[PDB]
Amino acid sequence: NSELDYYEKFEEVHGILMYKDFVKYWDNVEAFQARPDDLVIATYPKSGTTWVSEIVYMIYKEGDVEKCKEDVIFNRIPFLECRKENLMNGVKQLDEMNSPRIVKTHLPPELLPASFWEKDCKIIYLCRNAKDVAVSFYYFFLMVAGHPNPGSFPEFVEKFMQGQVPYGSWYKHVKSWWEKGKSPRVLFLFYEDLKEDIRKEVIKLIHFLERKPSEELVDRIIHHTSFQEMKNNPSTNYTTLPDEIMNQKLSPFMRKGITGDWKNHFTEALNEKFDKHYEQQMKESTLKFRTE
């Protein structure tokens, strides 16, 4: 029944569990044609995609806030593999888009369309500690259409540890992108670093994107992309979406925006179980995360 629910909502593509709506048109994703100046923003879901996207968009627009608010973020920065009737078609939206394109994806690097690798496109990868990701993803299941009932948080965390959620194992995702992040064309970032010292990360992003980091530009980005601003900005908070797609009365997209909400969700027993499993999955990696 829970399992039946998951069966109805998700199916695999290249071994990765995926939203069924996306899979139907996966040939369009597979065959997607990149352009050399495309920039990819890749993340495991609920890792701060929207946050870094808006930072990047600001950098592209030299901090012109009006330009950033002209259309909603999912139109400004198309969601590559996404496909929903009329509202979203990432491939279509990207095809018609003038360059320079910013491309959002949640794909593991093994599933990124070959054209992006072939054209040597720059990629920004952002990750977030798994426990906080799990919390954020849980509420996402609750409030967004296309998800099964996630049950209780402990039940959901069991599915998360097994990678039985859309986009698959968080563990394999971050580890694979960490290996890619050694390339000079791939910038590897942490949500917790953006929380701790936003100015440092913004400046890093500006240099990676080969633009000039003035104090005024950096200050405009920092306040424009702060959680309190983005929460109330209808271009970035997904509130233009109808309730039957995202029911933000249940849980808002811009939910809390902190590091450490896991502490308010994991029980002592669940934390012990998770931590032990995590160490087994991650011990052979030089990738290290902070949970506070």
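Note that residue numbering follows the sequence shown and begins at 1.
Worksheet item: Higher mean Cα B-factor in the deposited model: 172-180 or 218-226?
Response: According to the PDB entry, the answer is 218-226.
Worksheet entry | Higher-scoring stretch by recorded Cα B factor average, 66-74 or 30-38 | Averaging CA B-factors over each stretch, the winner is 66-74.
Worksheet item: Based on what the PDB entry reports, which of 122, 159, 84, 104 has the top C-alpha B-factor?
Response: Of the options given, 84 has the highest CA B-factor in the PDB entry.
Worksheet entry | Peak C-alpha temperature factor (PDB record), options 250, 55, 254, 258 | That would be 250, according to the entry.
Item to complete: Quick one: classify residue 128 as lowest, middle or highest third of the chain based on its Cα B-factor.
Response: For residue 128, whose C-alpha B-factor we compare with every modelled residue in the chain, the answer is the lowest third.
Discussion item. Which third, lowest, middle or highest, does the C-alpha temperature factor of residue 209 belong to within its own chain?
Written reply: CA B-factor rank for residue 209: highest third.
Worksheet item: Going by what the PDB entry lists, where does residue 25 fall on CA B-factor within its chain: lowest, middle or highest third?
Response: Ranked within chain, residue 25 CA B lands in the highest tercile.
Worksheet item: Against its chain's modelled residues, does residue 60's Cα B factor rank lowest, middle or highest third?
Response: It falls in the top third of the chain.
Worksheet item: According to the PDB entry, is the CA B factor of residue 88 in the bottom, middle or top third of its chain, that is, lowest, middle or highest?
Response: As the PDB entry reports it, the C-alpha B-factor of residue 88 lands in the highest third of its chain.
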